[PDB]
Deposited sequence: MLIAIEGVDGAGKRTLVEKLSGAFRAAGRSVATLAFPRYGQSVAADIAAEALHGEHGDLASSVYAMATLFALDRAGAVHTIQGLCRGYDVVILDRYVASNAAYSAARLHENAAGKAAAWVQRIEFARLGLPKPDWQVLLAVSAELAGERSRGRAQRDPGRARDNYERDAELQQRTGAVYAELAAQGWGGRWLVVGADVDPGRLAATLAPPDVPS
């Protein structure tokens, strides 16, 4: 089973991943985790990070150019993801394809029903063949939570993506989620 944990930076995804992993293991389920972007492991991810810090000329000014680098980062991990899914009962990804839909739409002042969100789904799931997650868990935070307005808009798109079932089933949870009850909901 493939589970994606989603949310804006600072939401607390990492702690939720650890909480859910322990809950899964406590129930007898093996767990592996993988975090995107793979900074320090993917040239596409590293070029993106560097672009965000003002390097590589005007690269960061293109929303779709940045989204493509993150998509290419995941496309190189597809064999890794499949291997984990074959060896572990649950695979939890800290950020996945929906991250591209949320930030790309937010950067372009669009909503989950907009072009950018639909473009991400087409290119990552349809063309590049990335496995669709069985679950996408949105760790939701408020508007008050670098660029503060971008994170707020990204948060709103996230909720819309979840409400629309973008790419599969979603769960909307808060920070202090009940780990045993959540693992039971995800893996019955």
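Missing from the model, relative to the deposited sequence, are the stretches 146-166, 210-214.
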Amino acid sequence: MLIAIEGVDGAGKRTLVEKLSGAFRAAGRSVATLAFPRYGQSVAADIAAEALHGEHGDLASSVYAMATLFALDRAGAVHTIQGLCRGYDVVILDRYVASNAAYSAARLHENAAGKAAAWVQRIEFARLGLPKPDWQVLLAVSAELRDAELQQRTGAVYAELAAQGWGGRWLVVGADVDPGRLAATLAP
From here on, numbers count along this sequence of modelled residues.
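We call the rigid core the largest set of C-alpha positions that still match within 1.5 Å between the two forms.
Taken in 4 other deposited structures of this protein and fitted on the core, 123-131 and 34-42 differ in how far their Cα atoms move from the shown form, and the one that moves more is 34-42. Between stretches 10-18 and 160-168, greater average Cα displacement in 4 other deposited structures of this protein relative to the shown form, fitted by the core, falls on 10-18.
In at least a third of the other compared PDB entries of this protein that cover both flanking sides, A143 is left without coordinates.
In this entry, 120-128 has the higher mean Cα B-factor, the comparison being between 120-128 and 156-164. Comparing 38-46 with 133-141, the higher mean C-alpha B-factor in the PDB entry belongs to 38-46. Note on the listed residues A98, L108, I81, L72: the highest Cα temperature factor in the record is that of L108. For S61, the recorded CA B-factor ranks within the highest third of the chain. Only modelled residues enter the ranking.
Split the chain's modelled residues into thirds by C-alpha temperature factor. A183 is in the lowest one. Per-chain ranking of the deposited C-alpha B factor places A148 in the highest third. Split the chain's modelled residues into thirds by C-alpha temperature factor. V31 is in the lowest one. In the PDB entry, a CA B factor belonging to the highest third of its chain's modelled residues is recorded for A113.
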